[PDB]
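Derivation of every value follows stated rules applied to the coordinates shown; laboratory data play no part. Every residue, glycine as well, gets a Cβ built from its backbone with ideal geometry; the counts of neighbours run over all protein chains shown.
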Amino acid sequence: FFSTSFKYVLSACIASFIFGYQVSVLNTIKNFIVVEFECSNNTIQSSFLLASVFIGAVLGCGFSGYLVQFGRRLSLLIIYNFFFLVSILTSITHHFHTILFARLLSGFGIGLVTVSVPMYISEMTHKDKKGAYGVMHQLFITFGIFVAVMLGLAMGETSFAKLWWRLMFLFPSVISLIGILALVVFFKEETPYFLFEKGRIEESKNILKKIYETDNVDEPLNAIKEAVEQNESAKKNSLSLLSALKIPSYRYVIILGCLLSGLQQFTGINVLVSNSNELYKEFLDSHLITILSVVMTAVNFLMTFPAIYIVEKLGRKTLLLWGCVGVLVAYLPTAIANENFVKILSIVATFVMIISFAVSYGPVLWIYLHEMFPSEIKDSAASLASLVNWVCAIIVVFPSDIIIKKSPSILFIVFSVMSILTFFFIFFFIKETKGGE
Ligand SMILES: OC[C@H]1O[C@H](O)[C@H](O)[C@@H](O)[C@@H]1O
């Protein structure tokens with residue numbers, strides 16, 4: 001291996017770290033902002049504010065199609081400028097209105113990352129290393145979440161606090177300023193799949209010529225030529241944004257693609273992300289909440305590492321099924337228990353689900369998505385599938401908190417039904433991809 005392939009992956013992964021940090025920055029220092037702003041109406045406003053990121057990420061995943069059409073060059077570059085300017089706005093805080101709009105674009109930006117970065121990795125790494133390098137995207141999403149917790153709880157236990165949580169929202173602007181200037185050493189080249197948009201064939205050759213340092217790249221460029229000629233034809237055919245529902249041959253991929261992306265949220269990951277400091281308040285103290293959460297995100301970040309190597313060994317379908325097994329062992333034993341014995345099962349729920357998610361479904365989705373739909377439909381369908389993920393985030397998180405307050409037994413039971421449904425969905429429909437186009 002030649003680390004120049006990984007070099008371009010890490011440069012795009014700065015945007016994955018800005019996503020993960022934006023997701024949980026406000027979710028940790030939420031209580032601090034309440035002090036200035038105004039429980040009660042704050043609980044309602046805070047839920048509205050949480051939604052703006054999910055509603056914005058839907059619109060981000062939507063736009064990162066019209067945007068990616070101009071290249072993953074501008075697509076990534078633009079996020080770093082945007083996120084630097086959103087971080088400047090989020091940091092200037094006064095009232096809910098300002099921070100709702102600011103955290104709506106922190107969601108629009110986040111959306112772009114979910115489509116743009118996995119596509120960049122998928123479109124520059126070798127067929128055989130595609131999965132592990134795509135796993136990097138999640139490895140920095142998870143790292144972004146944990147960093148936010150360690151940075152925030154650093155102030156935990158004020159005048160030198162009001163000038164700190166402000167400095168926390170501003171942190172991703174410096175990271176974006178790093179990433180933007182870092183894509184001056186890297187972003188003088190765009191992924192070889194740009195052969196279809198621009199006939200810069202010699203430039204396309206010189207991309208793979210540096211990636212693996214092989215001067216004769218007749219193998220992947222003639223493989224890209226066959227994938228580009230399939231696109232060149234479809235444009236003359238005029239295959240619409242849809243045509244998936246119109247053509248049964250294309251419906252089986254768009255529907256299964258959207259279904260798998262949506263089923264990621266029907267696991268209960270973002271219930272533990274957005275309500276880390278809230279869901280544990282039911283019994284556990286404020287001193288305990290901060291510990292069980294800082295350990296959780298550290299575990300979540302650490303568990304993404306084993307996925308790097310086992311995504312090419314087992315594959316994508318083999319890993320997906322194992323994640324659905326571990327989630328049944330995390331949900332069903334806790335579901336019947338609540339119809340010292342259940343206090344132990346609380347820690348089992350805390351980590352068994354986190355452990356099985358970060359190594360299995362978490363990264364696999366964002367890499368399996370850019371491995372499906374081998375033709376022009378690729379970028380197109382990969383944007384709408386990732387949008388369903390952010391649509392489902394609203395569909396899962398919102399009712400989950402309502403149902404946790406009324407009956408937790410029914411909640412863990414419905415999540416175990418989905419844990420059975422997803423396993424048998426992957427086993428019956430989901431393909432296995434280890435190298436293609
Ligand atoms: O690690 C947690 C994260 O995993 C994935 O990236 C999901 O898409 C995201 O919604 C979740 O917050």
Quotient of C-alpha Rg and 2.2 N^0.38 Å, computed over segment 44-152 | 1.17
Pairwise Cα inverse-distance average, inverted: Kirkwood Rh of segment 318-435 (Å) | 15.8 Å
Could you rank the peptides 291-303, 219-231 by their average count of other C-beta atoms within 10 Å per residue, with the highest value first?
-> 291-303, 219-231
Computed over all unlike Cα pairs, the Kirkwood hydrodynamic radius of segment 270-348 in Å stands at 14.7 Å
Hey, which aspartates and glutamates would be in cross-link range of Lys162, C-alpha to C-alpha under 13 Å, not counting anything within fewer than 8 residues on its own chain?
-> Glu36
Distance in nm between label sites at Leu284 and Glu339, each 7 Å beyond Cα in the beta-carbon direction?
-> 2.6 nm
Straight-distance crosslink candidates among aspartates and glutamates, where the alpha carbon sits under 15 Å from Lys405 and sequence neighbours closer than 8 are dropped = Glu278, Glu282, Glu339
For the chain, alpha-carbon Rg relative to the globular expectation (2.2 N^0.38 Å, N residues) = 0.97
Once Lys and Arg get +1 and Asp and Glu get -1 on their Cβ, which of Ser64, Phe1, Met303 lies farthest toward the positive end of the dipole of the chain?
-> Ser64
In sequence order, what are the phi-derived ³J(HN,Hα) couplings for segment 41-46 according to the Karplus relation 6.51 cos²θ - 1.76 cosθ + 1.60 with θ = phi - 60°, rounded to whole Hz, with x for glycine and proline?
-> 4, 5, 4, 5, 4, 5
Expected 222 nm ellipticity per residue - DSSP helices of 4 or more, -39500 (n - 2.57), all of the chain, to 500 = -25000 deg cm²/dmol
Of the cross-linked pairs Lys7/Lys198; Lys343/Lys434; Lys210/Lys434; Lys188/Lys434; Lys343/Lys431; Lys7/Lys236, which ones have a Cα-Cα span greater than 31 Å in the structure shown?
-> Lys343/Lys434; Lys343/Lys431; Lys7/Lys236
Taking a point 7 angstrom from the Cα of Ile92 along the C-beta vector, which residues in segment 162-193 have backbone N less than 18 Å away?
-> 163-174
Could you order peptides 411-420, 13-22, 41-50, 249-258 by the average number of other Cβ atoms within 10 Å of their residues, highest first?
-> 13-22, 411-420, 249-258, 41-50
At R0 = 25 Å the Cβ-Cβ FRET efficiency linking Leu100 and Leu177, nearest 0.05, sits at 0.50
Would you calculate the separation in nanometres between label points at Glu432 and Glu189, each defined as 7 Å from the Cα along the Cα-to-beta-carbon direction?
-> 3.3 nm
Straight-line reach from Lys235: which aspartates and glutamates have Cα under 13 Å away, leaving out those fewer than 8 places along the same chain?
-> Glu197, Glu376
For segment 247-254, take each phi angle, set θ = phi - 60°, evaluate the Karplus expression 6.51 cos²θ - 1.76 cosθ + 1.60, and give the result in whole Hz per residue in order, putting x for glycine and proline.
-> 9, x, 5, 9, 6, 4, 9, 5
